[PDB]
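In: Have a look at this fold, sequence not included:
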């Protein structure tokens, strides 16, 4: 019979009058039905979280939460085929992606923040005063309260646990709404929380959509303590306006239009391997993927020729096969949007070096949401498809001649999430990568994520940083305790 | 023959079609005419800021900006009497306040952030990979761009430099708008920037109001790169909505309804000395002042007797007298708001232990904005005057019996700026202070501000922390550079 | 039919031409035969260590060593009863000590340094230069090489793993020599290293003595890369002289004559509970124990009455009974030294408030190394038994009148390991504890050890600090890599 | 009349029965006479330091010491021609060296440690206990006591203030013994301390030699609190044995036999500029200079040809002339030692590519201690002049073929002070520099000293690190204050 993905509030599974289907983009089938949460249940979740902070969870030590985070990760690992299966059904992710990136990084988030919490120090200074007095200043970290987590469909488990792990490390309760397209791993995560014994109310799961549904409810609730959100920058704007009511802290990661910069002195074979991922991993649906590619003129033709052949060899096929490298897009609706941008490219005059259409398989997969890996060329830096985030398996490639030129062009965007630079020149690597106006600037690699380091986006691509202590300070209330130490009295 | 406070944009002093008066609350007289920036001038300032980053200022090293910050501080110090005179005229502050708190701390903000900048490290980790490869991760700090700074009237110079100093340390340009009530020290700050040679467009000053004036224009400008604001929380809400269009970073410090907790084992004399300041410094118009005072029952009557006697001795008088301890409120409008809260207290049934009215001098000061230091008692934790920020020289005082009780009652607010706890008991001091839901929790002191420590407000009282590296991180764009180091091929 | 404790060198168990007995101080009987390493075997161990760094261990990442440390900890935990039995037999420790302190803390050292390693950052600064150039500075941490570890008998497993865990975290090989009195848990540690697959030569174990034995051979080896030692300060002197030939890094923790300071406002019951441990835990053979106790005069008589009554209830008995609180001393020789100090006290005129002799059981335990918990009083701060470390279950107790007095008297020693201060007064607690000239200054507790914090001794009590990053820095070679980044040419 | 360089003890200038001459190596003249301190006066200095800690200095706040350090630096700057003059007379340093390195870095030491002290935080952790208790741990920094400073002749002011500035930052008193060859700037530093008002006993200056004189006295004194020493590693061994008596903390920087590694892909012109300094700055008398130079085979001949011409252009002349680049060695005795090594090189079979002798000027300079900048070649890695520290203006240059080879050869020494690597290859720069077994590994530069970073030597080249907080923690006694916070009692 057909899987139910239910809500999880205050330790209880909760079904709904209103439901909706979970469709797999592999072939357009239904793989589960999902129970939507009304304004009332979200209210129930927020109140259950605040009540949890009045119980066992509110009395946990940091050390106990370290252990909880590790028990969560261990149970996820024990159930990792379950997580893998659900993630692949919801998204169409190839096994090569889900089993090496999504599920392992999703588990590692909990282990990494357990380590960070275990060693987190106390921020402290001593203030000298006159007359031999002094003050000791030390920052006490408390939970914010109940953190609202609105999670995207492109990396469902990974970006969910990227928020949930530090939020729980800091002793918060969470109210989590996964994307309507990707409810599965979030529901399995709730099963894990229940299995290891996380107190009820600590982890709450509400399903639905954004506008006029669970996401809007969370963002508007006056008793939410913070809102974390990854996704469309325009939706970030909407969430921030709702957070304005109670001046709620917000932490945003908001997509982008990221540049790759390839110099003639690069290690060409490593660069091609890396750029095939930066362009087409997850069918180009990573917020960090490149969609603007600048290639130094003397290797531009070689690049285009070799990249077109590499694309021909890219296996776009059954996602469950171990050597498939690209699956469908997330949904028919997103496919429609990406194909509309393929058409805009045509209209703007683009040359198609690869792709530009839809694979035909001759079976049920043709009712799924597939698109070809695509490369365009020939346009100015001002064309719409060169500037506007497409979020599909596509880039525009253009030659450049000088370092000063390519920095200016790379930074000519209102976004600023990520960049990837390829050169073997020592000084140029460091010079160029640091001048990229982005949160993460990779050199001779792409999508290497050190969870201890600051990560986020500039401009329209985000607000704030997470990673390491940047996460622990965001999901914490800091109270500077300032204790005056008096001289002994007569 | 009337002082003019002009705008300062891209290195030029700019007069305006719209003007308004700066009035002193000492006697209601006019101190200066202020030139209100229009939207075009604010646009010009933002554009001048971005242009400055393409020039000399955008090429500065950290060490050069360390020197700039110190040069700014030195010139301010050379001109400290001018800053003092302007601050006192705009605000009514007593000499005892302005010459020990506002001007010294305002200068110190620049020197402190110079030190912090000089020693700021690079945040860095090594990531090990398979195959003997590894990646070096290091965070490069760059300016955000043009930081909009909207400054309050209660500590005009101090809170302005609290933002401007770290913003400049990080290499930003700024567009600053001081309160319409207190334009003076900000205009003098612009003079200092010009005098020490800060490049044009790095420091821009636009005068005016909030709505349909310079405050809104800065808030909404699509090319502002961050907004930092101190003042009323609901204005914070509005600014945040404006910032949402471009998901601009915001840093907010937004007042509160702060608790004092006085245990019977406190050092009574030190506590009274500190509490007179926590209640009445700056006429209760420090955002960190206590307006809810919880006193352990065994010393409640003693506290009330001693506090009333101390208030009778508090010198509410000519602010220029070195003796004076309280001046007027900032403005007639704010005085009206505070007296309306005094009257709301009388309607809610309060007992007045001190004050509740207006001093009468029998001279022109009676045209100013004066109010008595006031202590009320006898009300519920639920009464409006006990929960709503008044921002005047008033507290409601009430007894408590247990530690767990007073922690609950202290934390029973939607605010969370500050607390001050008085006890000589070691474990109680640490246990209670840490459980305050506030940004700053003082024990046996009040309003001691270590510029290296995290400072900010919880709940309605703010967003983010500043101080030390918390400031340099907020006013900087962080780019994590991640360099894969391949094994030899 | 007799247990053998062998050497473990380059992955092989090695027996020896020279052997000695491990005796239990409970009843003087033989627990095991120990195989003493000769100079050739120590040389082989050092060479095996350097060879290991050219192999698998030298290729490990930090994350792999994090996992190794945790695997070591897990296997120790699986075998915790064996470690317990061996530690208790070698030492006479009561179950109440060994099962709550020695074995749990010994396992925790590995897990703690695994955490610290996992999150260790890279120390880094940017240096700005003229001409738009700059330099990136980042410190690369590498192993030192082969760390010699010479371990004491009072906490054999705990202090061994305190050194071995950070040394391995940093990628070193080790050559360890446990005390000749307490070879057991170190030999079991070698079994754990072998069982979890630590590469051969990474962990080497050599048994024996100091002079003309393995301790000296390690100390003097020209290819040792660092020496870490805990024990008698004058042995520290000798080791340091040996290390001088190759200017080898040394890290030392060297005992002391630690002060306790008890103010009249202390929580009397908590203080007595803590002080019974600070005096008599491990029969006073923790290097951190108090042997000088200063008690504020108004509670001196109460302290002495209550302390004597508590000592009468202290169970000095079969160590395997879950009830027992004190076992024998480590050895007959150490017992002889402590009783000679008891007699020196009687010659210096001391009043004995408790103890001063030897318990009599009327069975084989009388052949062991037992001593009574002992409290003396009535002497000058200058008497020999008041200044010289006894390292047994004894303190001299004396009244004081003022805070400045007791700070002076507490600090009147050439040692400086630890202090324990008892007071409920907030300012006094912080003021007095910070002025102790010691590595660790406890307030209202004793022997609480946060493995992330700096720990060590001042004066004769040590050199350096360990704990947290202080350990990873000591057991690592730091190479500051300084990379000039030129403007484009 | 002739300058007197007196002792400075407890605020008083102190002369001596026993004196000795300060000879300038420019022409062998006398430029001052120096008053030697006996065991008694050193005892007086140590006791005056401990007494100073019982007075005003012992009550200074960190903030006050920040200001003192800056007042010292400002007075040094005001008197910088005085410092320059004394340093150049004692050493023969060219103006180009003393006015750009010695005096400016000597002053900057005080300003840099003032900044580090001003922002130094408190190391702190929170320990959770059972039953809702916890402990606050915070490290309190106190002075060690009286720090003994034994300072070398090669960088007299710079290495003196490198120790004195952090020692005073940490609130210690100091007893300072400058090299018998270089008493001047140390005596001027005492004048500065007196001028700005440093309390008497805080800064004490004793003159003399090492064995059976002031240096040995300081190192043996039972009441010295720490010993800092830069110089000959064998003397470090002697000092460490004397420190063993009271297990005194020691911080050592002990010379070396440093390698330069030059790859064929280097920026050749920048490398030559940098290597001329690494070889011949201060006439090769910097502990950090290169004496073993490995050049990748394809550029070995070009390197030798160009370097020989550059040496010909190196101005070895009157040190007071603004474009002189090399002065004499420090003394006739050191000159004798360096020339003995030139002779050992001859005997070992070396080819001399440049120098190898003594300049002849035809005037009084010929009674000074001059030697030619020298380059040898042709020897094995095992020859004595290739392995033994010469500490003069000389290197041995040899070709290499592979990266693995040159790392092994560079690290084949019992020293490990410094290295300098020249390449434009990104990955190779980072790979090779990090594997150097040294305290400081420079890439495409040499002798760039960030005073916030850890600095020291490996192996025979030192013990410990200094720079930044590494200095502040060495010259401080750390007391971890651990405060148990109990639950409220019934």
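Out: Right, received. Where do you want to start? Numbering: from 1, shown residues only, chains lettered A, B, ... in the order given.
In: need the contact list for the residue nearest in space to the middle of chain A.
Out: For chain A, the residue nearest the mean C-alpha position is residue A:159 (4.1 Å; C-alpha atoms, centre = their mean). Counting by C-beta atoms under 8 Å, 6 or more residues apart in numbering or on different chains, residue A:159 touches A:151-152, A:230, A:253. Yep, even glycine has a C-beta here, placed from its N, CA and C like the rest.
In: can you rerun that using 10 Å?
Out: By C-beta atoms under 10 Å, 6 or more residues apart in numbering or on different chains, residue A:159 lies in contact with A:102, A:105-106, A:109, A:149, A:151-153, A:178-179, A:182, A:228, A:230-231, A:253, A:287.
In: quick one: which of these is nearest to residue A:35?
Out: Nearest to residue A:35 among those is residue A:178, at 12.5 Å by C-beta to C-beta.
In: residues in contact with that closest one?
Out: A:5, A:34, A:90, A:149-153, A:156-157, A:159-160, A:184-187, A:189, A:205-208, A:214-215.
In: can you do 6 Å?
Out: Residues in contact with residue A:178, defined by C-beta atoms under 6 Å, 6 or more residues apart in numbering or on different chains, are A:151, A:186.
In: before we move on, what about residue A:124?
Out: Counting by C-beta under 6 Å, 6+ apart, residue A:124 touches A:138, D:122, D:124, D:138.
In: how about the residues you listed in TSV, adding distance to residue D:249 and secondary structure?
Out: What follows is the contacts of residue A:124, written out as TSV (distance: C-beta to C-beta, whole Å; DSSP: H, G, I helix; E, B strand; the rest coil):
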residue	distance to residue D:249	secondary structure
A:138	28	strand
D:122	21	coil
D:124	23	strand
D:138	22	strand
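In: Would you mind giving these as JSON lines with distance to residue A:249 added?
Out: Listed next are those as JSON lines, based on distance: C-beta to C-beta, whole Å:
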{"residue": "A:138", "distance to residue A:249": "22"}
{"residue": "D:122", "distance to residue A:249": "27"}
{"residue": "D:124", "distance to residue A:249": "25"}
{"residue": "D:138", "distance to residue A:249": "28"}
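In: which residues does the residue nearest to the residue nearest to the centre of chain A when sequence neighbours are not counted contact?
Out: Counting by C-beta to C-beta, 6 or more residues apart in numbering or on different chains, the nearest residue to residue A:159 once its immediate chain neighbours are dropped is residue A:230, at 5.1 Å. Contact analysis of residue A:230 by C-beta under 6 Å, 6+ apart lists A:152, A:159, A:253.
In: For the first one, which three-state class applies?
Out: Judged by DSSP: H, G, I helix; E, B strand; the rest coil, the three-state class of residue A:152 is coil.
In: what does residue A:109 give?
Out: helix.
In: From what I see, it and residue A:163 are in contact.
Out: No. Applying C-beta atoms under 6 Å, one finds residue A:109 not in contact with residue A:163, separated by 8.8 Å.
In: Beta-bridge partners for the residue nearest to residue A:159, please?
Out: residue A:253 (DSSP bridges).
In: For it, give its distance to chain D.
Out: 31 Å (C-beta to the nearest C-beta, to the nearest Å).
In: how far away is that residue from chain C?
Out: 24 Å.
In: got the residues of chain A near chain C?
Out: Residues of chain A lying close to chain C by C-beta under 6 Å from any C-beta of the partner chain are A:115-116, A:118-119, A:403, A:427, A:430, A:485-486, A:488.
In: give me the number of residues near the residue lying closest to residue A:283 once chain neighbours are set aside?
Out: Nearest non-adjacent residue to residue A:283, counting by C-beta to C-beta, 6+ apart: residue A:393, 4.8 Å away. Other residues near residue A:393 come to 27 when the count uses other C-beta atoms under 10 Å in any protein chain shown.
In: now do the one 5 residues further on
Out: As a burial measure, the neighbour count of residue A:398 was computed by other C-beta under 10 Å and equals 20.
In: again, but for the one 4 residues further on
Out: Residue A:402 sits with 11 neighbouring residues when counted by other C-beta under 10 Å.
In: Point me to the residue of the stretch 301-450 of chain A nearest chain B.
Out: Closest residue of the stretch 301-450 of chain A to chain B, C-beta to the nearest C-beta: residue A:445 (3.8 Å).
In: Tell me which helix or strand residue A:292 sits in.
Out: In this assignment (DSSP states H and E), residue A:292 forms part of strand A:290-296.
In: in its sheet, what does that strand sit against?
Out: Going by DSSP bridges, the partners of strand A:290-296 are strand A:258-262 (parallel), strand A:394-400 (parallel).
In: State the distance from the nearest residue to residue A:447 once chain neighbours are set aside to chain C.
Out: In space, residue A:447 comes closest to residue A:288 once its chain neighbours are excluded; the distance is 5.6 Å by C-beta to C-beta, 6+ apart. Distance, residue A:288 to chain C, using C-beta to the nearest C-beta: 23 Å.
In: next one: residue A:351
Out: Distance of residue A:351 to chain C, computed by C-beta to the nearest C-beta: 31 Å.
In: For chain A, which residues are neighbours of chain B?
Out: A:125, A:127, A:135, A:137, A:139-140, A:236-237, A:240-241, A:244, A:247, A:249, A:433-434, A:438, A:440-445, A:448, A:450, A:452-454, A:458, A:463, A:465, A:477-484.
In: rewinding a little: identify the residues contacting the residue nearest to residue A:283.
Out: A:280, A:283-284, A:373 are the contacts of residue A:393 under C-beta under 6 Å, 6+ apart.
In: Most neighbours of all the residues you listed, which one?
Out: Neighbour max across the contacts of residue A:393 (other C-beta under 10 Å) = residue A:283, 33 neighbours.
In: List the residues that contact that one.
Out: Neighbours of residue A:283 in contact, by C-beta under 6 Å, 6+ apart: A:326, A:329, A:393.
In: any chance of those in JSON lines, plus secondary structure?
Out: Shown next, in JSON lines, are the contacts of residue A:283 (three-state DSSP):
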{"residue": "A:326", "secondary structure": "strand"}
{"residue": "A:329", "secondary structure": "coil"}
{"residue": "A:393", "secondary structure": "coil"}
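In: which among those residues gets closest to chain C?
Out: Chain C lies nearest to residue A:326 out of the contacts of residue A:283, by C-beta to the nearest C-beta, at 30.3 Å.
In: Help me confirm that the closest one comes into contact with residue A:316.
Out: Yes. Using C-beta under 6 Å, residue A:326 and residue A:316 qualify as a contacting pair, with a distance of 4.5 Å.
In: between these two, which one's more packed in?
Out: The neighbour comparison of residue A:326 against residue A:316 (other C-beta under 10 Å) goes to residue A:326, with 28 against 22.
In: Now do the contacts for that one.
Out: With C-beta under 6 Å, 6+ apart, residue A:326 has these contacts: A:280, A:283, A:314, A:316.
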